[PDB]
Amino acid sequence: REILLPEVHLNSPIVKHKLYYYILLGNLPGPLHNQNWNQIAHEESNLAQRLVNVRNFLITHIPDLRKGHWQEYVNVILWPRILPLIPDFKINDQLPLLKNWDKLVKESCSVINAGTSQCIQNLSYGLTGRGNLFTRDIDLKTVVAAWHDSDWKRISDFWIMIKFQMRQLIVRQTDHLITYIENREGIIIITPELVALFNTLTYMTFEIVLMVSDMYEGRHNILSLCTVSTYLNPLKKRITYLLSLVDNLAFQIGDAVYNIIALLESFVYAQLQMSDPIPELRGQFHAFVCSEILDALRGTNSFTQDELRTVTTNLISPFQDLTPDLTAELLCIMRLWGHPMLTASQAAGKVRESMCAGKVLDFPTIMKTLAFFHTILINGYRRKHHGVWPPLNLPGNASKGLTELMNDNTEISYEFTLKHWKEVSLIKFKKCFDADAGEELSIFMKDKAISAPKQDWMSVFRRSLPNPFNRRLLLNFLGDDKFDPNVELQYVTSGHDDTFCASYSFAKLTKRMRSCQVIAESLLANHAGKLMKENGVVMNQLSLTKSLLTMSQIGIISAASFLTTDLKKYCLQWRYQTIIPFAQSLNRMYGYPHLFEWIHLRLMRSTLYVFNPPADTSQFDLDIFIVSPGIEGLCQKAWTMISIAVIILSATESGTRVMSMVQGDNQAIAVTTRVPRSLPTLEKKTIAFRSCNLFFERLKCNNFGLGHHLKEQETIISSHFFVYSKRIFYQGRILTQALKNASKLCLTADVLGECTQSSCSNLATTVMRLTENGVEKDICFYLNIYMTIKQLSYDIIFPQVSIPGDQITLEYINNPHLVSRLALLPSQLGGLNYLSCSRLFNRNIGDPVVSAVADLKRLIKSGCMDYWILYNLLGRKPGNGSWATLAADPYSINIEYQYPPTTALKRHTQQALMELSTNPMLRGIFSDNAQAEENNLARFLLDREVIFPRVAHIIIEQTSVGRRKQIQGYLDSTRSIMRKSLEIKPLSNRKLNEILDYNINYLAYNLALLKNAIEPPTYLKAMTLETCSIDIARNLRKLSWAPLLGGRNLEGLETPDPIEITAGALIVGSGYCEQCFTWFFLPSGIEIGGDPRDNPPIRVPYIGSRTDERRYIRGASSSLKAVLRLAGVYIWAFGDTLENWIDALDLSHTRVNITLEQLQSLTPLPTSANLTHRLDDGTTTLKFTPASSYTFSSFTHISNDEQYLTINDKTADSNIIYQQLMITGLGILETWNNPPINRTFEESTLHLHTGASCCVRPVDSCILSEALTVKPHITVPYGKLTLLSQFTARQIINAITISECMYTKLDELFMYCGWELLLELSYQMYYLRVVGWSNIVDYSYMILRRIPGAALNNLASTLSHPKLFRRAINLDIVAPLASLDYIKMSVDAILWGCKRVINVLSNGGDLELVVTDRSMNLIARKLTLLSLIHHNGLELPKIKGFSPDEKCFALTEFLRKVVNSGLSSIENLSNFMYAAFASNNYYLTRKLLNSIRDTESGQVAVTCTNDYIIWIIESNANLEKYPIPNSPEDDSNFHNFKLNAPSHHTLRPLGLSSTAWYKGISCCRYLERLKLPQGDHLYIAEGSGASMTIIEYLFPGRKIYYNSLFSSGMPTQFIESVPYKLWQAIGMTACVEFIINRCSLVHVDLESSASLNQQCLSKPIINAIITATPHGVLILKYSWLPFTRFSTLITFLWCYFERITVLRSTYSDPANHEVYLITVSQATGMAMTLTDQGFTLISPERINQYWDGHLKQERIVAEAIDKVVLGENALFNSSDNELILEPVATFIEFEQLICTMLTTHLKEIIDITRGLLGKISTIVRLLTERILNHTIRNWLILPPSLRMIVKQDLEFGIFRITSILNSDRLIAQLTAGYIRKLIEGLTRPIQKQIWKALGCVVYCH
Amino acid sequence: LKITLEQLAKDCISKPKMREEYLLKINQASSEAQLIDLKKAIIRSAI
Ligand SMILES: [Zn+2]
Ligand SMILES: [Zn+2]
């Protein structure tokens, strides 16, 4: 009662000892002990008394008390299952509680039914419209009616009731009877340790009833969920058949059933691998497992042939005619029969069968794998060290290894090291290498199992004829004195004693050996564990999932054969004399002798034991007993390294392109070939099969040599059948491993800190894994609703601390609307619902509060009987709160009940522990007044002008008190250890009551959220009409946190919500949506299970993108890194004041007490970190497996080809929302193709518009000065500047093994790019035959033409459509002369670069090699001079030698040789031999760049009707030509193909918005080139006050026709010009029908994204019929960015009208132009095009004219833009335009005027410093905008160099200040001392506007 | 291993007479090479 209720789900095994002990303590009608009973009876139990009462009850109560032979009266504890299933207590009158439960839940559902359906339907419309389809109806009410008012539930309910009764009885027992339920048809007896059942009688101990209750509730959950239409009748029928049959059999036999169930586990894979393509694997594993089942069945005497045959047939029957995923689910539920009961004897006997069995080892094999361990270690250490290898690595024969050593080759090929023995002998007895010990204070703060001393039995159990220990490693260590992590190790490795007896359960042993064990494992996994090869497990999650899916893919192309080895006994098979090679090697590698093996040694002279049959046995005894054999789970890291070694060896012993993954003992291998690419799949799979068979035979042979009885029980092979950690991978996708997690849908969470809240939490997360794979999302939403409802009911009726007094439970159980309005609001903002909507499509978070109000607005505006609760949330009484509470977590709304008790319990436990300390000065690590200082520092950091909780948390984390709290937080929280802590009773009495009544007070609070409170007037309007969540979230957070800080209102956070912002629309076939920018593609692809060659694309796997934007006398990392990050954040990268830096230094000086005091006036290297979002913490623990699902986010083809951000380094300010948007699109698409599907659905796209944003909220940046001068207190033990070009080339080509900072450049960039590439490759030359010029160019190009990814990034993010490509094609760096291409250019550049260097290499050893320890620069010089001799040599051979000076001597000799044969000036030969140094690339590069920020002319060194037509074809022009559709976008290169180049807009010279009429005059020119008959002039859907007018001005017709898409509300400019001259004298058929009911030309224009068929065919139909109502020619705007569609569109047009001629523009910037184009029936011609999709084109060569004309136009428009940014004109056509159709003057002192504006704005700024809106962002942005307009107006006053500067800046580099330093001309200086930074301070539409304005001005004068 | 071939052949062929004859050959043969050959032949006979 007082604390710590017992558990609810067992984490302890079930034995056969203790249950028998109970049931034979009394007379309840073989065993492993036959000793005595009355001894136990009077042996002080009182359970004898209780069970005497039980037997009295039973005997006197039943009639069959004394009869013949029990034939009426049978007790079957032999696992009755059909009996628990049978009506043991099925009498229909349930306890009135459960009926109330049903009433409440059902009523809540009937209430909230209609609303949630509308919520989901409106969610569907909002995203695309009517999702969640099947190829029938669902509803919440249908969910509950088919989930809970269907059969197979009453049993679960019954056992839940029994479980609760037993729990409460155990509680009462702890407080210090039984319950007797007499009734018709049964009798119930419940004891605190045993329960009885009868109606045919049985007994159940505590753990047993728990197991069976869990089993039943899980089974009910599974079958019930399968009743939902998602994964329907197949699995339902199969699971029910299998359940009935296997339960029957379990009764029929006994424990043996479990074995076949064990075999049934692995059985699925067999049934699953019957892949008809590749044979012999089916008949391998299927047959093996079926025969093994036959054996493990017959072994226990069932029947001979008929029963065996038929029962095996029936156990196989539930697997036929299924798909793989269903089988996987059926597996994960096939484990559903309760963990069997144990018996000590059998387990001890098996592990004895693993005792001595033979010293059969193959010395050659163990030596070979030793050599490979050596080479792996050496290669790895050389890799990361990036210097030399170990101090001594060459003891032995062969000067070739000695060459490898003295030369320091970073590589030792496996092929090589196979050819030798003892590749090194790192074995001595002197010293230590490359490591040290005594660190990582974490481990000892964690406790593991620990056994008793020598005298064990009397301590381990009762029933003797004696002393107990009951100790704990954690208590002992925390209460240990003079502990030294070092001296313990030498005490261990020294003289052993007989005080060590390890026990078996898990395994445990004495304190000192377990301590040294964990120490050694920490050392290994800390230093040596890092060196990993052949396995992708470096990073936590992304690397794992990515590597896995890439393996399963690289199996296939548009060569797959895996096999996997899995079991645990593998670990307990090794022996000493096959480990001491590696043990000794590693031991000597880390110094101290004979350490890494000692376990075996002890196990030599020791015995073990897993309750004991006593005759006489108390000491060393031979044999339920183990005598000195491996081990269950200790030290297994060495096992991992050795498995790595052996897999490498067996691989390289044959031609094996091997790839590996391994966790614990379960591992999976893929092997690959070089199969010829024309043979059918069968042949390729056959070659792969032969290869993996060779590898597998060799692997088995080598393992047996090493000794491993590896069998077919553990090794399964196939072509496409990966497995890893219970997650299977099949033909490039993760299988839907859902239903097992479905079986985790419990009723109450872990008991430690149990509370309603936490319970629902698990629910959500559990349902969340269910959301991830398989089942449709809506079902998951509904299921979460149902589960929270049911669980809230279960907790509100019969609580575990039930109180009859209060009325809160009364008002809850009385109305159902209340529980609904508590289970339908985001739990972060109060309530029991954890992320219904948003998390449904993303694992990320953003801000919970904005997502919470997104949920709330969605529900309300959809209708869930909620409107007034919002205002109540607003005017909610703000909770107590504190500086520190806000501190330790941001995103935090101050509410009373948001910390579950388990947190407070953890805190109290850890603090009580830290109260125990007799250690070294770690005592100071705990002080009582800590939390006061914590809140004090939170105040100091947070009671200022502008305060940010994110930086608050980061600083408080990295500071002095931070790591202190961290240490005191990294303790265990196990029930045992927290119970032991609570055995220190004095926590308090108050908090005791608090935790004792938690859920009650929580429900009382939320009940106080009854019908609305009073709505204050301000907020009433302030929040009404749900405009946008973010402002609501801002106001809510402000109002809530108010009572502490008040006036200040924190911001600087709250990125938006995905579903709130994004609107999007799906498209299939011909779809028209919201008028216009990301998009996802999905071609007509057949799902998994078809044909590898017919998968339309090359299957490319995308991953939830999680990037890490990571770009000196001592440099080794320590707490010094912590202070680095501290200062970097605390300075904000803008706030640089003496106060601020003094304070940062001070917080440092208090933090680092690691070395001596740190007094540096300015920590030099701390770099800027607030310019970015590089602020977070994580990545510490071992694993996190449950990745995700992918079955159609595989053929996905994303592309960011539309503008979202420009040339910039947003650095996770937008990548976060970008990451969310990508994952959200993927989830939308998958959900749209979730269930079993085909290619039946056709090519489909998804276009997400980001335009609909009710608020966007542009970012801001400013400063403040904090001052409250309080501090924590502690002292414990812890000229020309092409250098930018040089560094840029260095970093870039360094990355290949993002155009900012490459914008101010020269061709020297690619010069040095080529230089670095040539340098590296030249060292790789090693004088292989390459003559100077041509062969070096060829080999360079060949080594370049590979590894695309990095080249992709470079191309996209630098060679983009802005001036960079313009400059490039102007300098002839590239060459564009069918190539509709963008990528090849990239590599050409590099090649060109290299080639250019050759020319300088022709004469001159200049270019001053640069490097970013002196041996490094020496070998760099060596590499360079090697390159030089390789080029300009070509007269004599040369030899390799040493690195330091040998090649230098060879160079001097070869120079003296070439003294008589050269090209250069001959003296410079000596000067040929005649090196710059840096610190780190990124810092120096960005610092030097920001040092170029002085007004400079480095840009100087960088310094109408001429379009035409491509007259495609004529009448009957049939001559289909070859498609050559080679196209861009191989992989998703970054967002630059046509995004931004607005400077073109000056060539449409008027000041209006339409500006399209320029195109009008062009097309009218081309029209006048042609004759055209009487006019009707139809302009379909366009003309919006735009072009059309000019046409009549040049071509009048009769009876004009106008259309546009009708919106909420007419052509403007048309009326604005002509009608005076006039008066002088989304839908398919309705709109086109209005047109047909209402000759000459028509005008049409739109655009959408990729869909390989047309969707506006109605308009060609329009033209056909309108000219029918002649040769009236069309005008049709289009573009071949997706040239396929363009060719398809021209072929479709070619239907009727011949002589089609397209004409290009002259105003669109360098970009794929927006060119203007001029059978039997419509659908049949469309079909002609459809079947002409593949090979049908009429543009085989005209592409030549198009593209040379495009480059012409590009040059012309660039020249023209520079002409009009100057004084010249493009007239004789602007006047034709004007016919039809800030004002400030200019002075030289406009710069003085700008100074005036600056001074006035700064005065406003300093003045203001001294729903709502912004503060300094608004005024500063308006200042800059005003300055911009003023400059564009005063343009004509000009120091022209400055005009060129700002020309570039507006051309991407927007608005660097001109008059920087002259802001000098005192108070306006000191009041804001950051004037420089402020002066050092971009939206597309604004850019188009300013370009048009500049053009208007330059035309005006 | 018997029912292995049985389930496989049932999963492969459709003709009644051929199904019957094949199952007959399966349920009586006792030379393992003949079982492997049955597997190969029947899995080849699916066109
Ligand atoms: Zn759109
Ligand atoms: Zn908004």
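Residues numbered from 1 in each chain as written, not as in the entry; some residues may be left out. Chains lettered and ligands numbered in written order. Part of a larger assembly, values for the part shown. Heavy atoms only, no water.

Structure determination for this PDB entry is given in the record as cryo-EM, at a resolution of 4.38 Å.

Before going further, it helps to spend a moment on the interface of chain A and chain B. With 15 residues of chain A at the contact, the number on the chain B side is 11 residues. Summed over both partners, the interface of chain A with chain B comes to about 1,100 Å²; 59% of that surface belongs to carbon and sulfur atoms. Linking chain A with chain B are one salt bridge, by the criterion used here. Taken together, the links from chain A to chain B amount to four residue pairs in polar contact. Elements supplying a minimum of two residues to the side of chain A that touches chain B: α11 (282-298) and α12 (306-316) of chain A. The element best represented in the side of chain A that touches chain B is α11(A), accounting for six residues. Class assignment of the residues belonging to the side of chain A that touches chain B gives a composition of six nonpolar, five polar and four charged. (Contact = heavy atoms within 4.5 Å. Buried area = accessible area lost by both parts, 1.4 Å probe. Salt bridge = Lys/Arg side-chain N within 4 Å of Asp/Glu carboxyl O. Polar contact = N/O pair within 3.5 Å; in protein donor to acceptor, adjacent residues only side chain to side chain. Helix = DSSP H or I, 4+ residues; strand = E, 2+ residues; numbered from the N terminus. Nonpolar A, V, L, I, M, F, W, Y, C, P; charged D, E, K, R; others polar.)

What follows concerns the coordination of the zinc ion (ligand 2). Residue and element names in this part refer to chain A. Protein-derived ligands of the zinc ion (ligand 2) are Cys1028 (SG), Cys1254 (N), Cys1254 (SG) and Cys1255 (N), with the metal-ligand distances lying across 2.4 to 2.8 Å. With four donor atoms in place around the zinc ion (ligand 2) and angles of 63 to 157° between them, the coordination shape is irregular. A relative accessible area of 4% places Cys1028 in the buried class. (Donors = N, O, S within 2.8 Å, 3.2 Å for Na, K, Ca; no water. Tetrahedral: all angles 85-135°; square planar, octahedral: opposite > 155°, others 65-115°. Buried < 20%, exposed > 50% of the residue type's maximum accessible area, 1.4 Å probe, protein only.)

Quick look at the pairing of strand β4 (residues 201-205) of chain A now. All names here are of chain A. Counting buried positions over the five residues of β4 gives five, a clear majority of the element. A two-sided burial pattern is seen for β4, the buried positions comprising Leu201, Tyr203 and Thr205 on one face and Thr202 and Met204 on the other. With five bridges joining them, strand β3 (residues 194-198) and β4 adopt antiparallel strand pairing. For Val195, the partnering residue across the bridge sits in β4 and is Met204. (Pairing = 2+ DSSP bridges.)

This brings us to the pattern of salt bridges. Residues and elements named next belong to chain A. Within this structure, the stated rule accounts for 22 salt bridges over all chains. Close ionic contact of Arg1048 with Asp943 constitutes a salt bridge, the shortest N to O distance being 3.2 Å. In this pair, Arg1048 is assigned in the loop between α43 (1029-1045) and α44 (1058-1061) and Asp943 in the loop between α36 (930-942) and α37 (949-958), connecting sequence segments 105 residues apart. A network of salt bridges, in which partner residues are shared, links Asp847, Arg1037 and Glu1054.

Another aspect to go through is the packing of α37(A) against helix α45 (residues 1119-1130) of chain A. Residues and elements named next belong to chain A. Following both chains from N to C, one finds α37 and α45 inclined at 155°, their axes separated by 10 Å at the closest point. Comparing the axis directions of α37 and α45 gives the class roughly antiparallel. By crossing handedness, the relation of α37 to α45 is classed as left-handed. Contact residues: α37 offers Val951, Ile954, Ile955 and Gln958, while α45 offers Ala1122, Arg1125, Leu1126, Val1129 and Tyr1130. Classifying every residue of the contact of α37 with α45 gives seven nonpolar, one polar and one charged. (Axes fitted to C-alpha atoms, helices over the stretch in contact; angles between N-to-C directions. Parallel < 35°, antiparallel > 145°, perpendicular 65-115°, else oblique. Left-handed = near helix turned anticlockwise from the far one by under 90°.)

Bringing the packing of aromatic side chains into the picture now. Residue and element names in this part refer to chain A. For the coordinates displayed, the defined rule picks out 43 aromatic pairs over all chains. Taking the centre distance of 6.3 Å and the plane angle of 25° together, the rings of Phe1683 and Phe1686 count as stacked. With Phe1683 and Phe1686 both in helix α63 (residues 1683-1693) and three residues apart, the pair spans about one turn of that helix. Grouping residues by exposure puts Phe1683 and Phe1686 together as buried. Taken together, the ring pairs in this structure connect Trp1680, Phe1683, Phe1686, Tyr1746 and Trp1747 into an aromatic cluster. Sitting above the plane of the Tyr1327 ring, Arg1329 keeps its charged end 5.9 Å from the centroid. Seen from the ring of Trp1511, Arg1742 lies directly overhead, with NZ or CZ sitting 5.4 Å from the centre. (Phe/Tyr/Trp six-rings, centres within 6.5 Å; stacked < 30°, edge-to-face > 60°. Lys NZ or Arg CZ within 6 Å of the ring centre and 35° of its normal.)

This part takes up the sheet that holds strand β2 (residues 187-190) of chain A. Residues and elements named next belong to chain A. Spatial strand order, β1-β2-β3-β4: four strands in an open sheet with antiparallel pairing. Sheet topology places β1 (179-182) and β4 at the edges, where each strand pairs with a single neighbour. Neighbouring strand axes in the sheet, compared pairwise and without regard to direction, differ in orientation by 10° on average. With four bridges joining them, β1 and β2 adopt antiparallel strand pairing. Residue pairing across strands places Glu182 opposite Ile187, the latter belonging to β2. Packing of helix α3 (residues 47-61) onto the sheet brings it into contact with β1, β2, β3 and β4, and relative to β1 it is tilted by some 10°.

All names here are of chain A. On the secondary structure map, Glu1446 appears in helix α55 (residues 1446-1458). With 24 residues separating them in the primary sequence, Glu1446 and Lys1422 have C-alpha atoms 9.1 Å apart. Excluding its chain neighbours within four sequence positions, the residues that come into contact with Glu1446 are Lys1422, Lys1440 and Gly1441.

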